[PDB]
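Trainee: Order-wise, the sequence lines are chains B, A, C, C', A' and B'. A prime marks a further copy of an entry chain.
Last residue of the first sequence: number 132 in the deposited numbering, and the count goes up by one each step with no gaps.
Under the deposited numbering, the letters of the second sequence match residues 1 to 56, 59 to 131, in that order.
Under the deposited numbering, the letters of the third sequence match residues 1 to 55, 60 to 131, in that order.
Under the deposited numbering, the letters of the fourth sequence match residues 1 to 55, 60 to 131, in that order.
Under the deposited numbering, the letters of the fifth sequence match residues 1 to 56, 59 to 131, in that order.
Last residue of the sixth sequence: number 132 in the deposited numbering, and the count goes up by one each step with no gaps.
Even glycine gets a Cβ: it sits at the ideal position worked out from N, Cα and C.
Could you have a look at this structure, given as structure tokens, before my questions?
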Amino acid sequence: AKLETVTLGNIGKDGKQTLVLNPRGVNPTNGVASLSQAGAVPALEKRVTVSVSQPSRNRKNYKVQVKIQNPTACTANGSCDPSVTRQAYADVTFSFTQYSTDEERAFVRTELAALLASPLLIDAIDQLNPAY
Amino acid sequence: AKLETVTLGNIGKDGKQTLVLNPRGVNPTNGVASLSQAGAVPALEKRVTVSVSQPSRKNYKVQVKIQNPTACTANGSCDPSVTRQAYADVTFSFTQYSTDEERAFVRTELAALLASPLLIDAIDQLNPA
Amino acid sequence: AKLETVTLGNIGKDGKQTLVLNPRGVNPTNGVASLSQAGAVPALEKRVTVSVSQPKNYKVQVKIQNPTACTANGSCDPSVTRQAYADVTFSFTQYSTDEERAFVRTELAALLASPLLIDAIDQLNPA
Amino acid sequence: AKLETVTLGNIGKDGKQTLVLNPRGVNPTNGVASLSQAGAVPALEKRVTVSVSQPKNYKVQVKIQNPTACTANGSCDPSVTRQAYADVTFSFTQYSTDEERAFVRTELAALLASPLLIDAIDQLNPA
Amino acid sequence: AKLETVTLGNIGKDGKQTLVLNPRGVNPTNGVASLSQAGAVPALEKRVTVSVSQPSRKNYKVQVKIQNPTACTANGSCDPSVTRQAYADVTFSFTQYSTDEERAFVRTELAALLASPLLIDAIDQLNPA
Amino acid sequence: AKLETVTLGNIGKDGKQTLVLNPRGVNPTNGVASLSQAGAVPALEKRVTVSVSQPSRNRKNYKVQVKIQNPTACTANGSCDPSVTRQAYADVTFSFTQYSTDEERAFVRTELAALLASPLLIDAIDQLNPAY
């Protein structure tokens, strides 16, 4: 759809956060859309890059691909420009066959949007405890 | 945590579905946990394979893979086969100094992009941005 | 221009149809834009692929395509039986003005509503 | 159908033009019909050449062509400076119905009036 | 931003000119946007091609190129040809930590050197410093 | 012309800045003039280097070339001499043919001096949004 200010609400471990994502234009070299936080230092921006795809002569298979990215700013021992210490990526690559219906693609989306709120993945992502 | 019956509720395009996932044991050769639907034909099972990792690597990788096979009975048979295969793949990657609220932000950001009207239009209908 | 939902109205032999075409992104390997119907089975989609070009001669090239779905004698996924293509390849010289290019467009958009080409396309009667 | 004076109305970028096309006979060597403007210099004529075909696949094929006259630096016969072609090659399978062929025609006759192709043909802006 | 009709006003040596630039679409092979004059002969068009970039590289490059062809009808013809070709080229380069007021200073410095009496004498008349 | 104190006025994103540029002499090895800010630490100076050119046996084409440069000072975690953290360049290379008139060269100058105040390049330079 048309890129707009995606106002993601109720994020965070406690559950009371906001994250407005202003649109930052579609990259024409690879079709990758972009979003970014309104924080006005463009190395310290929460980036989100959705990019759907189409079958070429080598794939024959859709790939909706979402990448978020969260840099963390830490001012050093005497400076004025905060640098990027850590970098907390993520990556979601869906893959739907050329005959996939609407309710087979909107099931994998809302399954993954409900595993990430289940107590099995708020314990394997927040605290890095493996499945045991 | 301990693997249990993950009862995922309110799934689907309409929003009224359920999916119980019984635990199917941790693979010891690569640390990959597993979950599966209670549908008692084990080629037609909704699989979910979470697997966190450790630096061998110098970087964590929480990695979740879901998978949905679709059954279609052919023109005269008795065992339905796997026609299509609708994968997904989520590979987080957190640095060795990542706090709790920097890892539980990337999780709840991705769990809120997938309900936004920008990704229920780029996944359900394959319209690009 | 910017790709948007091209809502083509008043199509069909009777003249009362609609066809919304959602944008489906520019192919970067050959510059070919794309459009597609909102019908959520991506083999059964009305595709439209405009692609202008650059030099010793311009080529605005439009391709539409209409697959038809027919469920077989017992199945669940409808297949593509027929395939009704089209192809429009303009070609304008490097000195062509605005009113020499917008004349060939509106000439072809008025031949396809003339009674000479609603009788040579709808019914395949030659001239 | 029978070739007649196709009076194409409301053409042009502004939208107030006419173009009468007198019939100019079917070429018997390749079945290509023809039309031409009443402008009585036969190198400076707006030509239109419809030609349907027969098999393993139909091809309704329309070609328009617009030469532009520019008198040189002292002469009496104006020459053909530029040449603004177009080309529409439909292709319908041997089982195509009437409403599958009259959909591709009226889709293409409505894309060429959409604001996505009056911006990619008149001004050569790509998508 | 979104490409629109950039109506550049008060140009020229005297200072009373206009130049409307209609948008001519983003080239997808290299990300280069384009603008062009409404003069309806497409070899005689004032072209302007802005193109920002991203680190592949570890450094931004906002790059603007304008171009002005001049038409001169020969000794008997009808299509005027391109005799001369007056280019320009502006390649900014901002580091990955550059703020907003460090990038909007280099822009408005260069937009004020080109109206200073040191560069309306080294560009208009080619007198060196 | 003769190098003088170029007092550039009304610069900046808000539009209320000044920048005096004292002349710093013509380099004789390549004809490159120079200007510099009056800030009396000569690594932290806003430099501006105009240099017109002439046809050699390999160019046959004028090149008025302007380069500005803005270093940013950031004192480290305990020191006394501030260092150069970032470096915000620019580069303007005109190129006029040997038959170019006065109003064909003073058009390309005042076109570029009006694109850089247009809302298409105060959005592709200040905020690095590409053309979309």
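1) Could you tell me whether the stretch 81-89 of chain A' touches the stretch 67-77 of chain B', where touching means 3 or more Cβ pairs closer than 8 Å?
2) Give every residue of the same chain whose Cβ lies closer than 6 Å to the Cβ of C:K46, excluding the five residues on either side of it in the sequence, and list them in chain order.
3) Does DSSP put C:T110 in a helix, in a strand, or in coil?
4) Alpha carbon to alpha carbon, how far is A':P28 from B:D123?
5) Interface residues of chain C around C':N70 at Cβ under 9 Å?
6) Distance cutoff 7 Å, beta carbons only. Does C:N30 sit that close to anything in chain A?
7) By the three-class DSSP mapping on this structure, what secondary structure does C:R24 have?
8) Between the stretch 33-45 of chain B and chain A', which residues of the former have CB atoms less than 8 Å from a CB of the latter, in chain order?
9) Under 7 Å, do residue 58 of chain C' and C:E104 count as touching if we go by C-beta distance?
10) Taking 7 Å as the threshold (beta carbon to beta carbon), is C:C80 in contact with chain A?
11) Between A':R59 and chain B', is the shortest Cβ-Cβ distance under 7 Å, so that the two count as touching?
12) Can A':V108 and B':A113 be called in contact, C-beta distance under 7 Å?
13) So, for A':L19: in the same chain, excluding its five sequence neighbours on each side, which residues have a beta-carbon less than 7 Å away from its beta-carbon?
14) Give the secondary structure of A:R86 by DSSP, where H, G and I count as helix, E and B as strand, and everything else as coil.
15) Mind reading off the beta-carbon distance from A':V6 to A':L21? Whole number of angstroms is fine, and I expect it under 8 Å.
16) So, are the CB atoms of A:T93 and A:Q54 less than 7 Å apart?
17) With a threshold of 7 Å between beta-carbons, can A':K16 be considered close to chain B', or not?
18) When we look at the beta-carbon of B':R59 and count the other beta-carbons within 10 Å, is it buried (16 or more) or exposed?
19) Judging by CA-CA distance, which residue of B:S100, B:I125, B:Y132 and B:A131 is the nearest neighbour of C:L44?
20) So is B:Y62 buried or exposed if we call it buried at 16+ other beta carbons inside 10 Å?
21) Taking C-alpha atoms, which residue in C:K16, C:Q17 and C:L3 lies nearest to C:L35?
22) Keeping to the same chain, check which residues put their C-beta closer than 8 Å to that of C':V52; ignore five residues upstream and five downstream.
23) In angstroms, rounded to a whole number, what distance separates the CA positions of B':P119 and B:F96?
24) Grab the span of the beta strand (DSSP E) containing A:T72 for me, first residue to last.
25) How many angstroms separate the CA atom of B:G15 from the CA atom of B:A117?
26) With H, G and I counted as helix, E and B as strand and the rest as coil, what does DSSP make of A:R59?
27) Can you list, in chain order, the residues of its chain whose CB lies under 6 Å from that of C:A131, leaving out five sequence neighbours each side?
28) Alpha carbon to alpha carbon, how far is C:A90 from A:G39?
29) My output table needs one value for A:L3: the three-state DSSP class, helix, strand or coil.
30) Give me the chain A' residues within the contact set of B':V26, using Cβ-Cβ distance strictly less than 9 Å, ordered along the chain.
31) Going straight from the alpha carbon of A':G25 to that of C':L128, what length do you get?
32) Using a Cβ cut-off of 8 Å, pull out every chain B residue sitting near B':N77, in sequence order please.
33) For B':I125 and A':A106, which I take to be in contact (beta-carbon distance under 8 Å), what is that distance rounded to the nearest angstrom?
34) Taking the beta strand (DSSP E) that A':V50 belongs to, which residues open and close that run?
35) Identify, in the order they occur along the chain, each residue of the same chain with its Cβ nearer than 7 Å to the Cβ of A:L121, setting aside the five sequence neighbours on each side.
36) Between C':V48 and the rest of its own chain, which residues show a CB-CB distance below 8 Å, the 5 nearest in sequence each way excluded?
Mentor: Walking through what the data contain:
1) no
2) Position 46 of the third sequence, counting from 1, holds the residue named residue 46 of chain C. Around C:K46: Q37 and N70.
3) On the third sequence, residue 110 of chain C is found 106 positions in, with the first residue counted as 1. In this structure, C:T110 counts as helix in the three-state DSSP scheme.
4) Here the question's residue 28 of chain A' lines up with position 28 in the fifth sequence. Here the question's residue 123 of chain B lines up with position 123 in the first sequence. Computed Cα separation, rounded: 43 Å.
5) In the fourth sequence, counting from the first residue as 1, residue 70 of chain C' sits at position 66. The answer, in chain order, is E104, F107, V108 and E111.
6) Position 30 of the third sequence, counted from the start, is the residue given in the question as residue 30 of chain C. Judged by the 7 Å Cβ criterion, C:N30 is not in contact with chain A.
7) Position 24 of the third sequence, counting from 1, holds the residue named residue 24 of chain C. The answer is coil: DSSP assigns C:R24 none of H, G, I, E or B.
8) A40, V41, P42 and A43
9) This structure gives no coordinates for residue 58 of chain C'. The numbering of chain C' moves from 55 immediately to 60.
10) In the third sequence, the residue the question calls residue 80 of chain C occupies position 76. Yes, C:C80 counts as interfacial toward chain A.
11) Mapped onto the fifth sequence, residue 59 of chain A' falls at position 57. Not an interface residue.
12) By one-based count along the fifth sequence, residue 108 of chain A' stands at place 106. By one-based count along the sixth sequence, residue 113 of chain B' stands at place 113. Not a contact, by the Cβ cut-off of 7 Å.
13) Here residue 19 of chain A' is taken as the residue at index 19 of the fifth sequence, counted from 1. Cβ neighbours of A':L19 beyond the five flanking positions: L8, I11, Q37 and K46.
14) Along the second sequence, read from residue 1 onward, the residue named residue 86 of chain A stands at position 84. Note: A:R86 maps to strand in three-state DSSP.
15) Translated into the one-based positions of the fifth sequence, residue 6 of chain A' becomes position 6. Translated into the one-based positions of the fifth sequence, residue 21 of chain A' becomes position 21. That belief holds up - the Cβ atoms of A':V6 and A':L21 are roughly 4 Å apart, short of 8 Å.
16) What you label residue 93 of chain A is simply residue 91 of the second sequence in a count that begins at 1. What you label residue 54 of chain A is simply residue 54 of the second sequence in a count that begins at 1. The answer is no: Cβ separation not under 7 Å.
17) Residue 16 of chain A' sits at position 16 when you count from the first residue of the fifth sequence. Chain B' contact via Cβ: absent.
18) Your numbering for residue 59 of chain B' matches position 59 in the sixth sequence. Per the 10 Å Cβ criterion, exposed.
19) The count along the third sequence starts at 1 and reaches residue 44 of chain C at position 44. When each option's Cα is compared against that of C:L44, the closest is B:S100.
20) Locating residue 62 of chain B in the first sequence gives position 62, counting from the first residue. By the 10 Å Cβ count, B:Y62 comes out buried.
21) Counting from one through the third sequence, the residue named residue 35 of chain C turns up at place 35. Checked all of C:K16, C:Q17 and C:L3; the closest Cα to C:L35 is C:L3.
22) By one-based count along the fourth sequence, residue 52 of chain C' stands at place 52. Counting only Cβ-Cβ distances below 8 Å, and skipping sequence neighbours, we find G31, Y62, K63, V64 and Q65.
23) On the sixth sequence, position 119 is the one that residue 119 of chain B' refers to. On the first sequence, position 96 is the one that residue 96 of chain B refers to. Roughly 41 Å between the two C-alpha positions.
24) Within the second sequence, the letter at position 70 stands for residue 72 of chain A. Where A:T72 is concerned, the enclosing beta strand (DSSP E) stretches over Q65 to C74.
25) Residue 15 of chain B sits at position 15 when you count from the first residue of the first sequence. Residue 117 of chain B sits at position 117 when you count from the first residue of the first sequence. Each residue's alpha carbon lies about 11 Å from the other.
26) Residue numbering aside, residue 59 of chain A sits at position 57 when the second sequence is read from its first letter. Three-state result, A:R59: coil.
27) In the third sequence, the residue the question calls residue 131 of chain C occupies position 127. Contacts found: none.
28) Sequence index remark: in the third sequence, residue 90 of chain C carries index 86 (1-based). Sequence index remark: in the second sequence, residue 39 of chain A carries index 39 (1-based). Straight-line Cα distance between these residues: approximately 46 Å.
29) Residue mapping note: residue 3 of chain A aligns to position 3 of the second sequence, counting from 1. A:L3: coil per DSSP, three-state reduction.
30) As a first step, residue 26 of chain B' is located in the sixth sequence; it is residue number 26 there, counting from the start. Near B':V26 (Cβ distances below 9 Å), the residues of chain A' are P130 and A131.
31) As a working mapping, residue 25 of chain A' is identified with position 25 in the fifth sequence. As a working mapping, residue 128 of chain C' is identified with position 124 in the fourth sequence. Straight-line Cα distance between these residues: approximately 9 Å.
32) Within the sixth sequence, residue 77 of chain B' is the residue found at index 77, counting from 1. Those within 8 Å of B':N77 in chain B are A76, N77, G78 and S79.
33) If you number the sixth sequence from 1, residue 125 of chain B' lands on position 125. If you number the fifth sequence from 1, residue 106 of chain A' lands on position 104. That pair is a contact at about 7 Å.
34) Position 50 of the fifth sequence holds residue 50 of chain A'. Unbroken beta strand (DSSP E) run through A':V50: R47 to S51.
35) Against the second sequence, residue 121 of chain A aligns to sequence position 119. Answer for A:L121: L115, listed in chain order.
36) Counting from 1 along the fourth sequence, the entry for residue 48 of chain C' is found at position 48. Closer than 8 Å at Cβ, skipping near neighbours: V6, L21, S34, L35, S36, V66, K67, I68 and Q69.
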